[PDB]
Amino acid sequence: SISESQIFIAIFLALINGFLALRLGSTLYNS
Amino acid sequence: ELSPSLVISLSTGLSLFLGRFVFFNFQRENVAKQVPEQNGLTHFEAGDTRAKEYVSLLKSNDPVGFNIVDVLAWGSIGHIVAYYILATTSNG
Amino acid sequence: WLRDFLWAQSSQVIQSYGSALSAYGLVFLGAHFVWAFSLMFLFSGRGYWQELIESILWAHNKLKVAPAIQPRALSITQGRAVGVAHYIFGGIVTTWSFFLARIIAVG
Amino acid sequence: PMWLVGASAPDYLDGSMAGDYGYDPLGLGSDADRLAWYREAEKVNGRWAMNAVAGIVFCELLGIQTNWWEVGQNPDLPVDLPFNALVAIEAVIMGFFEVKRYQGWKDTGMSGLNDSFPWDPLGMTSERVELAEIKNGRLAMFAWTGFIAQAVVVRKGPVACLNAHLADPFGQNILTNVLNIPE
Amino acid sequence: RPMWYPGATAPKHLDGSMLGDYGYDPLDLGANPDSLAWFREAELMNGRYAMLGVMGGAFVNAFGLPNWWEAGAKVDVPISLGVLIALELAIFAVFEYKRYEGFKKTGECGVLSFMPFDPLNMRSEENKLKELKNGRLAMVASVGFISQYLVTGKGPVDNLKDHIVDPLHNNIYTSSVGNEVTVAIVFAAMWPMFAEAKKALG
Amino acid sequence: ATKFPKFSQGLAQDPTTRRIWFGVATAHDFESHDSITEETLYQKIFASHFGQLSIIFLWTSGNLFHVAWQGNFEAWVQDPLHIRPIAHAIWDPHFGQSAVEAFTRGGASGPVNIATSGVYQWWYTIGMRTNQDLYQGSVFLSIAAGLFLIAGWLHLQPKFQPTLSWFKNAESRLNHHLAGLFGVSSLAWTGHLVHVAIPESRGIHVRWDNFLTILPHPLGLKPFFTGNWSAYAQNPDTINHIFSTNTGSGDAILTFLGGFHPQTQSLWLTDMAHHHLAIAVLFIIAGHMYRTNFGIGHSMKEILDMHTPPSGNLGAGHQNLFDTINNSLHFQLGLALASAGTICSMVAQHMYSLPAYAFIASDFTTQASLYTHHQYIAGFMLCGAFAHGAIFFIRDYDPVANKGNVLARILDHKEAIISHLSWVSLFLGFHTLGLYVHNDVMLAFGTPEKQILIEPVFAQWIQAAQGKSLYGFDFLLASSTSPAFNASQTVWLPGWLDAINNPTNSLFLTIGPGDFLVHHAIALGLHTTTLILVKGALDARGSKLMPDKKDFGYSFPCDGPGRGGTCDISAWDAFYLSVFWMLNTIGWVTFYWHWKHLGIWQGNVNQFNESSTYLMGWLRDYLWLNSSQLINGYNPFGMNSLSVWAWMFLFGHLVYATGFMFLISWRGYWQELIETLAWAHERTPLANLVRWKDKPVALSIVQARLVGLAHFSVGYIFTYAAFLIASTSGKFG
Amino acid sequence: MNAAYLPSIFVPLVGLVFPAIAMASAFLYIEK
Ligand SMILES: CCCCCCCCCCCCCCCCCC(=O)OC[C@H](CO[C@@H]1O[C@H](CO[C@H]2O[C@H](CO)[C@H](O)[C@H](O)[C@H]2O)[C@H](O)[C@H](O)[C@H]1O)OC(=O)CCCCCCCCCCCCCCCCC
Ligand code: CLA
Ligand code: CLA
Ligand code: CLA
Ligand code: CLA
Ligand code: CLA
Ligand SMILES: CC1=CCCC(C)(C)[C@H]1/C=C/C(C)=C/C=C/C(C)=C/C=C/C=C(C)/C=C/C=C(C)/C=C/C1=C(C)CCCC1(C)C
Ligand SMILES: CC1=CCCC(C)(C)[C@H]1/C=C/C(C)=C/C=C/C(C)=C/C=C/C=C(C)/C=C/C=C(C)/C=C/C1=C(C)CCCC1(C)C
Ligand SMILES: CC1=CCCC(C)(C)[C@H]1/C=C/C(C)=C/C=C/C(C)=C/C=C/C=C(C)/C=C/C=C(C)/C=C/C1=C(C)CCCC1(C)C
Ligand SMILES: CC1=C(C/C=C(\C)CCC[C@H](C)CCC[C@H](C)CCCC(C)C)C(=O)c2ccccc2C1=O
Ligand code: SF4
C-alpha cells in the first residue's frame, strides 16, 4: 500500500548512503 | 509543606551529615592515594586533551574544603535513601 | 538418489531391533562411528598431538609413572595411513550392513 | 569575575574572546584551534534565536499567531504557498547566504557578515555594545528553552504563562503545574 | 570565474581554458585519460543539435497543435515503410562521415574552420562561448519538455499559461515528483558544504 | 609499493598468485603493514567501526523497507495465527509456470518467501500496524547510518583526527558506555514502551502526531514526584485481556505479574517496562564509578594493584595488568568476544523459553530459526575469543613486566590446566558414549529393560526449587511452607507458578533419561573445545617440541619434517581444530533442542524420552521422519513449496563434501599437477599467444586449511539450516 | 506495492552488471 512516490524517495536517500561510503572508503584506503 | 516535601528534606540531611562528619576523612584519603594514569603517566601529558584532571572548578571556603562535586556525590546518596523510604511501602 | 535409493532402501536396516538381522542395525551405525572417527586422523596434524602428549607426561611424571618407552605421536605418514584405514573401513562396512539388511529382509 | 565564586580558572582562556565569566565546567575550551569555531556558533545561536523569541513574543503578545507551535499547521498564512514547495524555497535562498557568510567567515575576516564583506552599515560599536551581543545572546538562547517547557507541560504560550503566574503565583509555577497535569 | 559557486577550488582538469568552463567535474570524467575536448564537441554537437531541438516542439503548441510527442505520429508523408527512414539514413552519414572521420583527423575544431559550411564569419570565434552557453541552457529545458508531457501532458505553452493563470498551484512541487524534487533540492543545499569541507577541514 | 597488496612489500613483490590470495586475507590485519605507528593503527580501526556500524543500519533498513514494500503486514496484523509473514519477492528469470505459482504462497500476488527470520513479530509486539510505520522507520536507519559515513569521513582528517591517548582513556568510556550507552538507552526504551508500545497494546494509536496530547497514565507525574509509586502498579490487566484492543484492559503501566499474557502467550509488557526502567537505574548509578576530569571516582589500576592476596597464593596478584590490558588490543578483544559471545547464547536460552514477543511460540519455525542462529553465532565468537587470546600471548604479552602476575602464574603451570581438561574430556568421552552404545545393544537384542538409565536428579531438584510440582520434593517455591514461597507470594509467584506448571509453554521442559545423557555430550563438547583453545593459547609461547613459536610468527605451516615431523605445530592450526568441535557441540545442542521440541509441538512427549536414550532413535526417528518432507521438494512429480530447501539441502552437502578435498589432500600433490598444466598451456598452439602475468601456484599450506574449513562450515550450516526450517515448515510442529 | 517494475530493473543490474564492472575494475587494479 506504500505510495509509489515514497519508494523512490527512499531509494534516492539510500543513493546518498552509497556516495558517503565511496567517499569514506577512498579516504580510509587512501589513508 | 508536608511529609512528601518534608521527608526528602529530612532524609538528605542524613548523608551530607556523614560525608562532612567523618567520611570527608576517608574519601579525601583515598583520592590522594588513587589517581588515574596510563603507561605510567596521567592522561593529560599522554596527549589526551579532554582528560586534564580538573580542580579549577573544585574549591570552597568551606571549613574543611567540602566542594560542589562532593555535594553531588553525597546528595545523590541522600536521594537514594530518600526514594527508598517513601517509594517502597514494603513490609513497613 | 537420496529419496528413491538411500532414503527408501535404508528403511529395512533401521527398523530392525529385536529381529534376526538386528546385528546389521548395530554395524550400520558402527560403520558410521569408525568412518567419522577417521576424519580425526586425516584433518589433524602431528605437531598438535605431540605437543599435547607433552602435557600428559607432566601428569605421569608428577605421579612418577612415566614409562621408559617414550610416547611419541604417530608419524606423518603413519597418521595418514590410519586415516585411510578407517575412512575406507568404516565406509565399506556401511554398504555391507546396508545391503544385507536390505535384501535379507526383501530378497 | 569568575562564574561561581573563585576557582573557575581556565589557563587556555584569557577572556579576550568576546565576554567571559570564566565558565567552562566540562573543558570543551581546550585545544583552542577549534575554540574559534565554538566561539561564533554561540554568536550565531544567540544572534539567531534572539529573534525567534521576539518572533514568537510579538505576534503572540500583540497580533496573530497565538499558539506558535501549531503555526504552520494552522490555516491562512500571509502567503499560501504549499508545504511541499515552501521547504525548497526556504533552503535555497538560505543556501546562498549561509554558504556566503561562511566563505566570508572562512575568509580572512573572522567576524560575522552577510552579502560578502559589508557588515555594519551604521558603524555603531565594536566594544561595549559588542559585549551586549553575547550577554543578550546567552540569555536569549536560555530564554528559548523555556518556551519549549511552556508548550510541553503547560501547553500554553508564554503570554498566558506570564499572565498565569502573576494571577496565581502559588498554584502556577514550575513545580506546581508539572506535578499537576490537567492542562 | 563564477564557476558554479562550489566555493573556491575546481579540479585542475577544468581551469577555465576551454570555452564555457565553469570548472564543474564531479565524476572526474573531465579528465584526459583519452581526451577531453572530444567531450566539448560531444557537448557541442549535443548542445547545438539540442538547442535547435526545442524549436520544433516549442512553436508547434503555439500554432497548429500537432505537438512534438504527437507530431511525428500523424502525417501522410511516409511512403510504404522503409522509404520513411531510408531517405533520412544516407544524407546524414555521407556528410557526417566527412566531418566525423575528417575532424578527428583534419583537426580537433568541429566545423570551426568551417571548410564544409562557410558562414558569414563576421563575428567568428571570440564569443563562441555564447553559442555554447545559450545551447547548454536550452539543453536543460529540453529535459523539461519531456517531463512536461510525462508529469502533466499539456503542451509546453499550455503548461506556461497554467503557470501564468495559477502561479502558486502549477508548480512541480504539487504534482507527482514534487515530493521527490523537494528532497533533491534540500540535499542540494548542503551539497556545496560537503565539497567544501574536503579543503577546509582536511 | 605499486601492486595490489599496497600495505606489505613482501606480498607487493610476488610473481605468483599467492600475492593475490594473501592480499585479500592480510588486509584487515593492521598491526602488520609497511609502517603502522601506534597512533595510525587506532585510526583505521575507529574509522572501521563506523563502517560496521553503518553497514548494520542499512541492513536493518532493508528488512524494514522490504516487509513494508514486498511483504504483507496489515493482513498479518489482523490474523497473526492463521497467516504467514512474507519477505522479499522471488524474481528469478529461471522458473517454469509451476514453480512461480508454487512460491506465490502468501497474501501477495507474486512468488514470495515466507519469512522465518522472526523480525516480523518484534515489530508488532513493539507495535506498528501500518506499512507506513515500517517505511517511516526504514528511512531513519538509512538517514542515521548516513551520519556515520559522514562521521567516518569526518574523523580521519588532521583537524578532527583524535589523539592516541584519547583512545587509551578507559575510565571515560566505561563511565559513558555504562551510563550513557547502556543506561540512558534503557530509559528511552521504557519511554517508548510506556508512551507507544503499552498503550498501543491496549489499542490506542499514538504516533509522532498525537504523541504528547495523550497521557500514558491517568495520573500525572504527581505519584512519581510525591514519592508514591504504587499507582502505576495499582491496576494490572485482566487474564482474558485480548491484545491490541481494549477488553477488560487494566490501566497500570509499571507492574510485573510474572508469567505470560495468555492471549499472546508472551511476556507482559508492563513487566518489561518495569524491567528496563530498573536496569536504566542500575547502570546510570554504576557509570559514576570510574574517575574522570572531576577527580572523584576510581583509578582502574589502583583498584587492581591492591588485590594481591595477603598470602602469596597469587604472588604479585594483579600487578601491571592495567598495563597489558590498556596496551594490548587483542586482550581487550578476547574479552569482548568472550563476554558478548556467551550473551548471544544466553539470549537463545531465554528467548525460546521466555518468548518476549507476542504470538511467537504459536508459529514455531521462527523460534527454531532463531535459537539456532544465536547458538552458532555464539559459537564462532568464543572460538574467536580464544584465538585473540592466543594472538595476545604470541605477540603483545610481556613476561618481564608481568613477572609474578596472575597471567604468569598460569603459564607457570601449563600442564595442570591442559592435563585436567584432558581428564574431564575423556571421562565424558568414554562414559557418555559408553552408555549410548550399551543402550543401543540392549535395545537391539530387544530388551530395553536392560538399559542404563539415570534420572537427572539435580536438574529435577533445581526445577523443584523453581517450584515445578511434577516431582515429589517441595523445597523453596515448591513448598508453600518454605520462607521463600511466603516471601514472594505477594508479587511474582502467583503468575509465574502458572507458566511453569502449564506444560504447553516451554519454560522448564520436563527432563528425563534422554535429557540426562545429552547434557553430558554437551558438557563433553564444551571441554574438548576449550581443551584445544586453552592449549593453543598456552603453547603459543612455546612447547617442548618447538620452543621458538613466540618468534616464529603466529600462523605458520610448520617447522618442517624434522625431529619428528612437526605439523599443525602453530597456534593457528590449534584454533583451526576447534571449529570442527565447535560445530559438533553446537550441532548436538541444536539437535537436542529441536527434537525435544518437535514432540512437544506435535503433542507427544513419548517420541523423545522413549527413543532418546539409544542412538538409533536420533537417526531412526528424528532424522528419518524429517527427511521425507525435504526430499519431496524437487520430486519429478512436481515442485512442492519446500523445493527451495530441497535443492539447498543438496547444495549443503556438496560444499561440505568439497571441503574434504582441501582438508585431506595436501599441497605437494597439486603443485606437481599445475606444473604439468602450466607446461601444456605453455607449449600448446594458439594458447602460446595468451599467457599469465602471475605465475600460477598451488595455494599455500595454511591457505588451504582456511579454505577447507570454510567449505566445511558453509556446508555444515546450509544442511541443518534447510533441514530445520523445512522440517518445521513441512509439518508445522 | 505499486512499484512492481523495479525488480526487473535492479536485480539484473545488481546480479550481472555490477558483478561485471566490479569484475573488470577489480581485475585491472591487481596489476599496475
Ligand atoms: C567473511 C567473508 C566475507 C563475506 C563472504 C564473501 C565470500 C568470501 C570469499 C572469500 C574471499 C576471501 C578469500 C580468502 C582466501 C585467502 C585466505 C588466506 O590464504 O588466508 C590465510 C592467511 C595467511 O596468514 C597470514 O599470512 C601472512 C603471509 O605473510 C605475509 O604477511 C606478512 C605479515 O606482514 C609479511 O607481510 C609477508 O611479507 C607476507 O608474506 C602472514 O603469515 C600472516 O601472519 C598470516 O596471518 O591467514 C590469515 O591471516 C587468517 C585470516 C582469516 C581468519 C578467519 C578464518 C575464519 C575461518 C572462517 C570461519 C568459517 C566461516 C564459515 C562461515 C560459514 C557461515 C556462512
Ligand atoms: C549553543 C550555544 C552556545 C555555544 C556554542 C557556546 C559556546 C561557548 N560558550 Mg557559552 N553559553 C550559552 C550557549 C552557548 N555557548 C548559553 C545559552 C549560556 C547561558 C547559560 C552560555 C554561557 C556561557 C558563559 C557564562 C561562558 C560561556 C563560554 C563559552 C565558550 C567556552 C566554552 C567552550 O569552549 O565550550 C563549547 C561549548 C559548546 C560547544 C556548547 C555545547 C552545548 C551542548 C552540546 C548542549 C547542552 C544542552 C543543554 C544541556 C540543554 C539545555 C540546558 C538549558 C537549561 C540551558 C564557548 C565558545 C565561556 C566564555 O567566556 O568563552 C567565550 C564562559 O565563560 N558560555
Ligand atoms: C554517552 C556517551 C557515549 C555514547 C552513547 C557512546 C556510544 C558509542 N561509542 Mg563511545 N565514547 C564516549 C562516549 C559515548 N560513546 C567517550 C566519552 C569516549 C572517549 C573515552 C568514547 C570512545 C569510543 C571509542 C574509542 C569507540 C566508541 C564506540 C562507541 C559505539 C559502540 C558501538 C555500539 O553502540 O554498540 C551497540 C551496543 C548497544 C547499543 C548496547 C549493547 C548492550 C549489550 C551488548 C546488549 C544489550 C542489548 C539487548 C540486551 C539486546 C536486544 C537488542 C534488541 C535489538 C532486540 C557507540 C555508538 C566504538 C564504536 O563503535 O566506534 C564508533 C569505538 O570504537 N566510543
Ligand atoms: C569483532 C570481531 C573480530 C575482529 C575485529 C577480528 C579482527 C582480526 N582477526 Mg579475528 N576472529 C574473530 C573475530 C574477530 N576478528 C572470530 C569470531 C574468529 C573465530 C572464527 C576469529 C579468528 C581469527 C583467526 C584465526 C585469525 C584472526 C585474525 C584477525 C586479524 C586480521 C583479520 C584478517 O586478516 O581478516 C582479513 C579478511 C579475511 C581473511 C576474510 C576471509 C573470509 C573468511 C575466510 C570467511 C569466508 C567464509 C564466507 C563467509 C562464506 C560465504 C558463504 C556464501 C558463499 C554462501 C584482525 C585483528 C588473523 C590474525 O590476526 O592473524 C595474525 C588470524 O589469523 N581472527
Ligand atoms: C566421531 C569422531 C571422533 C571421535 C570419536 C573423537 C574422539 C576424540 N577426540 Mg577428536 N576429532 C575428530 C573426530 C572425533 N574425535 C575430528 C573430525 C577432529 C577434527 C580434526 C577432531 C579433533 C580433535 C582434537 C583437536 C582433539 C580431539 C580430542 C579427542 C578426544 C576427546 C576425549 C574423548 O571424547 O574421548 C572419548 C574417546 C573415545 C570415544 C574413543 C572410543 C574408542 C573405544 C572406547 C576404544 C576402542 C574400541 C574398541 C576396543 C576398538 C577395537 C579395535 C580392534 C582392533 C580390536 C577423543 C579421543 C582431544 C583430545 O586429545 O582429548 C584428550 C583433542 O585435543 N579430537
Ligand atoms: C544490506 C541490506 C539489503 C539486502 C541484503 C537487500 C537484498 C535485496 N534487495 Mg534490497 N534494498 C535495501 C537493502 C537491502 N536489500 C535498501 C536499504 C533499499 C532501499 C534503497 C533497497 C531497495 C531495493 C529495491 C528497490 C529492490 C531491492 C531488491 C533486493 C533483492 C535483490 C538484490 C537487489 O536488487 O538489490 C539491489 C538493491 C539496491 C541497488 C539498493 C542499494 C543496496 C542496499 C543498500 C544494500 C547495500 C549493502 C551492501 C553490503 C553494499 C555493498 C555493495 C558492494 C560493496 C558489495 C535482495 C533480496 C530487489 C527486489 O526485491 O527484487 C526481488 C529490488 O527491486 N532492494
Ligand atoms: C545498648 C543496647 C541495650 C539495650 C537497647 C538496645 C538493645 C537497642 C542496645 C542499643 C545499642 C545502641 C543503639 C548504641 C548506640 C548509641 C549511640 C548512637 C550513641 C550516640 C551518641 C552521639 C554522640 C556522643 C555525639 C557527639 C558529637 C557529635 C556526633 C558531633 C557531630 C558534628 C560533626 C563534627 C559534623 C557536623 C555535624 C556535628 C553535629 C556538628
Ligand atoms: C551555607 C549552609 C547553611 C548553614 C551551614 C551549612 C553547612 C548547613 C550550609 C549548607 C547548605 C545546603 C542546604 C546545601 C545543600 C546541598 C544539596 C541538598 C544538594 C543536592 C544534591 C542532590 C543531587 C545533586 C541529586 C542527585 C541524584 C538524584 C537525586 C537522583 C535520584 C534518583 C530517583 C529517585 C529516580 C531515578 C533513580 C535515581 C537516580 C536514584
Ligand atoms: C585465553 C585468553 C587470551 C588472553 C586473555 C584472555 C582474558 C582473553 C584469555 C581468556 C579468554 C576467555 C574467553 C576466557 C573465558 C571465557 C568464558 C567461558 C567465560 C564464562 C564465564 C562464566 C561465568 C563467570 C559464570 C559465573 C556464574 C554464574 C553466571 C551464575 C550465577 C548464579 C547461580 C549459579 C544461580 C543464579 C543466581 C546467580 C547467583 C547469579
Ligand atoms: C589422533 C591423532 C594422533 C594421536 C593418536 C595416537 C597417539 C595413537 C596412540 C593410541 C594408541 C593406540 C594407544 C596404544 C595403547 C597400547 C597398545 C597399550 C595397550 C595395552 C592393552 C590395553 C591392549 C597422532 O599422533 C597423529 C599424528 C599425526 C597425524 C594425525 C594424528 C592424529 O590424528
Ligand atoms: S605437511 Fe606441512 S607440516 Fe606436515 S610435514 Fe609436510 S610440511 Fe611439515
# chains A, B, ... in the order shown; residues from 1 in each chain; ligands from 1
$ residues_near_ligand --ligand "ligand 5" --cutoff "9 Å" --atoms "only C-alpha atoms and all ligand atoms" --output "PyMOL selection string"
(chain C and resi 32-45+48-49+52-53) or (chain F and resi 419+421-434+521+524-525+527-529+531-532+535+574-581)
$ write_last_selection --atoms "N, CA and C atoms" --output "tab-separated table (two decimals), in the first residue's frame"
chain	number	residue	atom	x	y	z
C	32	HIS	N	29.38	-46.01	10.78
C	32	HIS	CA	29.44	-44.55	10.78
C	32	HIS	C	30.49	-44.06	11.76
C	33	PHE	N	30.42	-44.55	13.00
C	33	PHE	CA	31.36	-44.08	14.01
C	33	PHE	C	32.79	-44.25	13.56
C	34	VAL	N	33.12	-45.41	12.99
C	34	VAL	CA	34.51	-45.63	12.59
C	34	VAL	C	34.87	-44.73	11.42
C	35	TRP	N	33.92	-44.44	10.54
C	35	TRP	CA	34.19	-43.54	9.43
C	35	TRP	C	34.42	-42.12	9.93
C	36	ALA	N	33.46	-41.58	10.66
C	36	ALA	CA	33.63	-40.24	11.22
C	36	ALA	C	34.87	-40.17	12.08
C	37	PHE	N	35.23	-41.27	12.72
C	37	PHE	CA	36.44	-41.29	13.53
C	37	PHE	C	37.68	-41.12	12.68
C	38	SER	N	37.63	-41.57	11.43
C	38	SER	CA	38.79	-41.43	10.56
C	38	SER	C	39.15	-39.97	10.37
C	39	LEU	N	38.14	-39.11	10.21
C	39	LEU	CA	38.40	-37.71	9.93
C	39	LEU	C	39.33	-37.08	10.94
C	40	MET	N	39.36	-37.61	12.16
C	40	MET	CA	40.30	-37.10	13.15
C	40	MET	C	41.73	-37.19	12.64
C	41	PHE	N	42.09	-38.32	12.05
C	41	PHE	CA	43.46	-38.52	11.62
C	41	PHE	C	43.76	-37.85	10.29
C	42	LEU	N	42.76	-37.66	9.44
C	42	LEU	CA	43.03	-37.00	8.17
C	42	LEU	C	43.13	-35.49	8.31
C	43	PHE	N	42.24	-34.89	9.08
C	43	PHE	CA	42.21	-33.43	9.18
C	43	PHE	C	43.28	-32.90	10.10
C	44	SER	N	43.64	-33.64	11.14
C	44	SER	CA	44.58	-33.15	12.13
C	44	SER	C	45.98	-33.19	11.58
C	45	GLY	N	46.94	-32.91	12.44
C	45	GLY	CA	48.34	-32.99	12.07
C	45	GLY	C	49.13	-33.36	13.30
C	48	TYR	N	50.45	-30.93	16.65
C	48	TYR	CA	49.49	-30.65	17.71
C	48	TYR	C	49.38	-31.83	18.66
C	49	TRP	N	49.44	-33.04	18.14
C	49	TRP	CA	49.31	-34.20	19.00
C	49	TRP	C	50.59	-34.49	19.77
C	52	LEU	N	50.46	-32.05	22.75
C	52	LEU	CA	49.51	-32.42	23.79
C	52	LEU	C	50.06	-33.55	24.66
C	53	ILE	N	50.73	-34.52	24.06
C	53	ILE	CA	51.33	-35.59	24.83
C	53	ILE	C	52.38	-35.04	25.79
F	419	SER	N	46.26	-30.85	31.39
F	419	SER	CA	46.09	-32.26	31.73
F	419	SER	C	44.71	-32.54	32.30
F	421	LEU	N	41.79	-30.79	31.89
F	421	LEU	CA	40.83	-30.79	30.79
F	421	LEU	C	40.93	-32.06	29.98
F	422	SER	N	42.12	-32.67	29.93
F	422	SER	CA	42.26	-33.93	29.24
F	422	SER	C	41.68	-35.09	30.02
F	423	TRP	N	41.53	-34.95	31.33
F	423	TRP	CA	40.84	-35.99	32.07
F	423	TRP	C	39.33	-35.84	31.95
F	424	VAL	N	38.82	-34.63	32.15
F	424	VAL	CA	37.38	-34.43	32.13
F	424	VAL	C	36.82	-34.74	30.76
F	425	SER	N	37.55	-34.37	29.72
F	425	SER	CA	37.07	-34.62	28.37
F	425	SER	C	37.12	-36.09	28.01
F	426	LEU	N	38.02	-36.85	28.63
F	426	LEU	CA	38.00	-38.29	28.42
F	426	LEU	C	36.93	-38.96	29.26
F	427	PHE	N	36.76	-38.54	30.51
F	427	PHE	CA	35.73	-39.14	31.34
F	427	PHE	C	34.39	-39.06	30.63
F	428	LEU	N	33.98	-37.86	30.28
F	428	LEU	CA	32.77	-37.69	29.50
F	428	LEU	C	32.86	-38.40	28.16
F	429	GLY	N	34.07	-38.63	27.66
F	429	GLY	CA	34.20	-39.31	26.39
F	429	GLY	C	33.80	-40.77	26.43
F	430	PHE	N	34.44	-41.54	27.30
F	430	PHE	CA	34.15	-42.96	27.39
F	430	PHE	C	32.74	-43.20	27.90
F	431	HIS	N	32.38	-42.55	29.00
F	431	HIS	CA	31.16	-42.91	29.70
F	431	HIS	C	29.92	-42.45	28.97
F	432	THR	N	29.94	-41.24	28.40
F	432	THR	CA	28.76	-40.80	27.66
F	432	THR	C	28.56	-41.64	26.41
F	433	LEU	N	29.62	-41.87	25.64
F	433	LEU	CA	29.47	-42.79	24.52
F	433	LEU	C	29.25	-44.21	25.00
F	434	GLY	N	29.94	-44.62	26.06
F	434	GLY	CA	29.78	-45.97	26.55
F	434	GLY	C	28.36	-46.30	26.95
F	521	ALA	N	27.10	-35.11	26.71
F	521	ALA	CA	27.67	-34.82	25.40
F	521	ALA	C	27.91	-33.33	25.25
F	524	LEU	N	30.65	-32.60	27.26
F	524	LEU	CA	31.87	-33.04	26.58
F	524	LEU	C	32.32	-32.01	25.57
F	525	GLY	N	31.41	-31.58	24.71
F	525	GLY	CA	31.78	-30.67	23.65
F	525	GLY	C	32.37	-29.38	24.15
F	527	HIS	N	34.26	-29.01	26.85
F	527	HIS	CA	35.62	-29.22	27.33
F	527	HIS	C	36.61	-29.40	26.19
F	528	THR	N	36.34	-30.34	25.28
F	528	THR	CA	37.29	-30.56	24.20
F	528	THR	C	37.42	-29.34	23.29
F	529	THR	N	36.40	-28.49	23.22
F	529	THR	CA	36.60	-27.22	22.53
F	529	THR	C	37.53	-26.32	23.32
F	531	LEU	N	39.66	-27.36	25.63
F	531	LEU	CA	40.94	-28.05	25.70
F	531	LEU	C	41.82	-27.70	24.52
F	532	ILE	N	41.25	-27.65	23.33
F	532	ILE	CA	42.02	-27.25	22.16
F	532	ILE	C	42.45	-25.80	22.30
F	535	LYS	N	44.80	-24.92	24.98
F	535	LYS	CA	46.14	-25.38	24.61
F	535	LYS	C	46.82	-24.40	23.66
F	574	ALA	N	46.03	-24.78	15.89
F	574	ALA	CA	45.32	-25.23	17.07
F	574	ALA	C	43.89	-24.72	17.07
F	575	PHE	N	43.71	-23.40	16.94
F	575	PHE	CA	42.38	-22.84	16.71
F	575	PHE	C	41.65	-23.56	15.60
F	576	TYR	N	42.31	-23.73	14.46
F	576	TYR	CA	41.74	-24.40	13.30
F	576	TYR	C	41.00	-25.66	13.69
F	577	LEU	N	41.54	-26.41	14.64
F	577	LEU	CA	40.91	-27.65	15.05
F	577	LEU	C	39.73	-27.44	15.96
F	578	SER	N	39.59	-26.26	16.55
F	578	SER	CA	38.49	-26.05	17.47
F	578	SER	C	37.17	-25.97	16.73
F	579	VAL	N	37.16	-25.29	15.59
F	579	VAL	CA	35.94	-25.12	14.82
F	579	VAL	C	35.24	-26.45	14.60
F	580	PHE	N	36.00	-27.48	14.26
F	580	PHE	CA	35.39	-28.77	13.99
F	580	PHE	C	34.65	-29.29	15.21
F	581	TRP	N	35.17	-29.01	16.40
F	581	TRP	CA	34.43	-29.36	17.60
F	581	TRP	C	33.34	-28.35	17.92
$ residues_near_ligand --ligand "ligand 4" --cutoff "7 Å" --atoms "only C-alpha atoms and all ligand atoms" --output "list in words"
residues 24, 25, 26, 27, 28, 29, 30, 337, 380, 381, 382, 383, 384, 385, 387, 388, 391, 554, 555, 572, 575, 576, 706, 707, 710 and 714 of chain F
$ write_last_selection --atoms "N, CA and C atoms" --output "short mmCIF file (atom, residue, chain, number, x, y, z; two decimals), in the first residue's frame"
data_model
loop_
_atom_site.label_atom_id
_atom_site.label_comp_id
_atom_site.auth_asym_id
_atom_site.auth_seq_id
_atom_site.Cartn_x
_atom_site.Cartn_y
_atom_site.Cartn_z
N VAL F 24 44.09 -10.33 -0.04
CA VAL F 24 42.74 -10.16 0.48
C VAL F 24 42.69 -10.48 1.97
N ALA F 25 43.31 -11.58 2.37
CA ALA F 25 43.20 -12.08 3.73
C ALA F 25 44.17 -11.42 4.70
N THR F 26 45.18 -10.71 4.22
CA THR F 26 46.05 -9.95 5.09
C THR F 26 45.62 -8.50 5.22
N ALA F 27 44.45 -8.15 4.70
CA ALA F 27 44.07 -6.75 4.63
C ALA F 27 43.78 -6.19 6.01
N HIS F 28 42.78 -6.74 6.68
CA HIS F 28 42.28 -6.21 7.93
C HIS F 28 43.22 -6.39 9.10
N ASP F 29 44.39 -6.98 8.91
CA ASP F 29 45.35 -7.07 10.00
C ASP F 29 46.19 -5.80 9.97
N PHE F 30 45.95 -4.91 10.92
CA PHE F 30 46.58 -3.60 10.90
C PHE F 30 47.85 -3.52 11.72
N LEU F 337 34.75 -10.59 22.74
CA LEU F 337 34.07 -11.72 22.12
C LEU F 337 33.60 -12.71 23.17
N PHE F 380 31.00 -19.24 17.17
CA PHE F 380 32.11 -18.59 16.48
C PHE F 380 32.76 -17.52 17.33
N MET F 381 31.96 -16.78 18.09
CA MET F 381 32.51 -15.66 18.83
C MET F 381 33.43 -16.13 19.94
N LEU F 382 33.11 -17.25 20.59
CA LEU F 382 34.00 -17.79 21.60
C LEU F 382 35.27 -18.35 20.98
N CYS F 383 35.14 -19.09 19.88
CA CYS F 383 36.34 -19.58 19.21
C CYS F 383 37.23 -18.45 18.74
N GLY F 384 36.69 -17.26 18.58
CA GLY F 384 37.50 -16.10 18.27
C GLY F 384 37.99 -15.43 19.53
N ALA F 385 37.26 -15.60 20.63
CA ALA F 385 37.74 -15.07 21.90
C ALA F 385 39.04 -15.74 22.30
N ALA F 387 41.15 -17.36 20.03
CA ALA F 387 42.18 -17.07 19.04
C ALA F 387 42.92 -15.79 19.41
N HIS F 388 42.18 -14.68 19.53
CA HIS F 388 42.80 -13.46 20.00
C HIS F 388 43.35 -13.60 21.40
N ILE F 391 46.71 -14.82 19.98
CA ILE F 391 47.45 -13.72 19.36
C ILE F 391 47.98 -12.78 20.42
N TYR F 554 52.76 -16.13 14.20
CA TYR F 554 51.54 -16.68 14.77
C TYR F 554 51.00 -17.85 13.95
N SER F 555 50.61 -17.59 12.72
CA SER F 555 50.10 -18.62 11.84
C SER F 555 51.18 -18.97 10.83
N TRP F 572 47.68 -21.15 15.23
CA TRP F 572 46.54 -21.01 14.33
C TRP F 572 45.95 -22.36 14.01
N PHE F 575 43.71 -23.40 16.94
CA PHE F 575 42.38 -22.84 16.71
C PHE F 575 41.65 -23.56 15.60
N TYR F 576 42.31 -23.73 14.46
CA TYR F 576 41.74 -24.40 13.30
C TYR F 576 41.00 -25.66 13.69
N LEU F 706 42.38 -23.06 5.66
CA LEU F 706 41.43 -21.97 5.83
C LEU F 706 40.31 -22.07 4.80
N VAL F 707 40.67 -22.28 3.54
CA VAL F 707 39.64 -22.52 2.54
C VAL F 707 38.89 -23.80 2.86
N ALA F 710 36.30 -23.35 5.54
CA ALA F 710 35.18 -22.54 5.08
C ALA F 710 34.12 -23.41 4.43
N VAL F 714 30.34 -23.81 5.72
CA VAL F 714 29.26 -23.37 4.85
C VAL F 714 28.37 -24.54 4.48
#
$ residues_around --residues "region 37-49 of chain F" --least-positions-apart "2" --cutoff "9 Å" --atoms "only C-alpha atoms" --output "list in words"
residues 24, 28, 29 and 31 of chain A; 30, 31, 35, 51, 52, 53, 54, 151, 152, 153, 155, 156, 161, 162, 163, 164, 165 and 167 of chain F
